[PDB]
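Summary of the model geometry
Each chain is listed here by its residues.
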2 protein chains.
Amino acid sequence: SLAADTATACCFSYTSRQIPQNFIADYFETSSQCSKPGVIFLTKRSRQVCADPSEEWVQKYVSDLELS
Amino acid sequence: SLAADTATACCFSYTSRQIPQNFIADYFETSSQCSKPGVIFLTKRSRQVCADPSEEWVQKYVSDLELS
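Residues numbered from 1 in each chain as written, not as in the entry; some residues may be left out. Chains lettered and ligands numbered in written order. Heavy atoms only, no water.

So, on to the state of the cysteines. All names here are of chain B. A full pass over the atoms with the stated rule returns 4 disulfides over all chains. The disulfide partner of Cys10 is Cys34, and the gap between their sulfur atoms is 2.0 Å. Since a negative S-S torsion denotes a left-handed disulfide, the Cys10-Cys34 link at about -75° is left-handed. Note that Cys10 is positioned in strand β1 (residues 8-10) and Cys34 in the loop between β2 (24-29) and β3 (39-43), a separation of 24 residues in sequence. The buried category is assigned to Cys34, whose relative accessible area is 6%. Across a sulfur-sulfur distance of 2.1 Å, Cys11 and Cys50 are joined as a disulfide pair. (Disulfide = S-S within 2.5 Å. Helix = DSSP H or I, 4+ residues; strand = E, 2+ residues; numbered from the N terminus. Buried < 20%, exposed > 50% of the residue type's maximum accessible area, 1.4 Å probe, protein only.)

On to helix α1 (residues 56-66) of chain B. All names here are of chain B. Within α1, the full set of buried residues consists of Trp57, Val58, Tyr61 and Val62. The buried side chains of α1 occupy one side of the element, clustering within an arc of 135° when seen end-on. In α1, those exposed residues whose orientation departs by more than 90 degrees from the buried face are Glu56 and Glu66. Next to the buried residues of α1 lie β2, β3 and β4 (48-51). (Arc of directions from axis to C-beta. Contact = heavy atoms within 4.5 Å.)

Turning next to the relation of the copies chain A and chain B. Both copies of the chain are related by one operation, a rotation about an axis with a shift along it. When chain A is brought onto chain B, the operation consists of a screw motion whose angular component is 180° and whose axial shift is 0.0 Å, with 0.0 Å RMSD remaining. Put plainly, the chains are arranged around a two-fold axis. Measuring from the rotation axis to each C-alpha of chain A, the shortest distance belongs to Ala9(A), at 2.4 Å. Of all interface residues in chain A, 100% are interface residues in chain B too; the two copies therefore contact each other through one and the same surface. (Least-squares fit on C-alpha atoms.)

Residue and element names in this part refer to chain A. With an S-S distance of 2.0 Å, the disulfide that UniProt assigns to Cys10 and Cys34 is formed in this structure. Overall, the relative accessible area of 1% leaves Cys10 in the buried class. Taking the pair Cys11 and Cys50, which UniProt gives as a disulfide, the gap between the sulfur atoms is 2.1 Å, short enough to count as bonded. On the criterion of sequence distance, the pair formed by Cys11 in the loop between β1 (8-10) and β2 (24-29) and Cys50 in strand β4 (residues 48-51) is long-range, its members being 39 residues apart. The exposure classification of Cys11 matches that of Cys50, with both residues buried. (UniProt positions renumbered as here; feature names shortened; annotations may be inferred.)

What follows concerns the sheet that holds strand β3 (residues 39-43) of chain A. Residues and elements named next belong to chain A. The 3 strands lie next to each other as β2-β3-β4, forming an open sheet whose pairing is antiparallel. This sheet does not close on itself; its edge strands, each paired only once, are β2 and β4. Averaged over all adjacent pairs, the angle separating strand axes in this sheet is 25°, with direction ignored. Judged from the 4 bridges that link them, β3 and β4 form a sheet pairing that is antiparallel. Opposite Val39, over in β4, you have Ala51 as the bridge partner. (Pairing = 2+ DSSP bridges. Axes fitted to C-alpha atoms, helices over the stretch in contact; angles between N-to-C directions.)

What follows is the structure in structure tokens.
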């Protein structure tokens, strides 16, 4: 099940404060074509939050999502 | 009326063939932070189409949208 082609989402700035984990609904990695490495978190209320893939809390949140 | 911050849409490739103009519903210019200059057209069926801002048919479609 492939996705219809579409503009690419990119992160040009990261959130400076960690999101409460109970807000997190999903995540996905941004394209490498983008200027900066990126993790976009999706909240329960469908807010998009750009995050630094190198930060530990980001890596933790991603891991918790993947292993459940 | 400002917009909630969000991942930035970017175009990393342009459509190679011109869209039928009666398909076009709206347009917007992509951020300059993006790698490439971009016009994203939005079709009646909400398809997103990346287009080269330098091409004449793109400039024409944008003009027709702006002046109506």
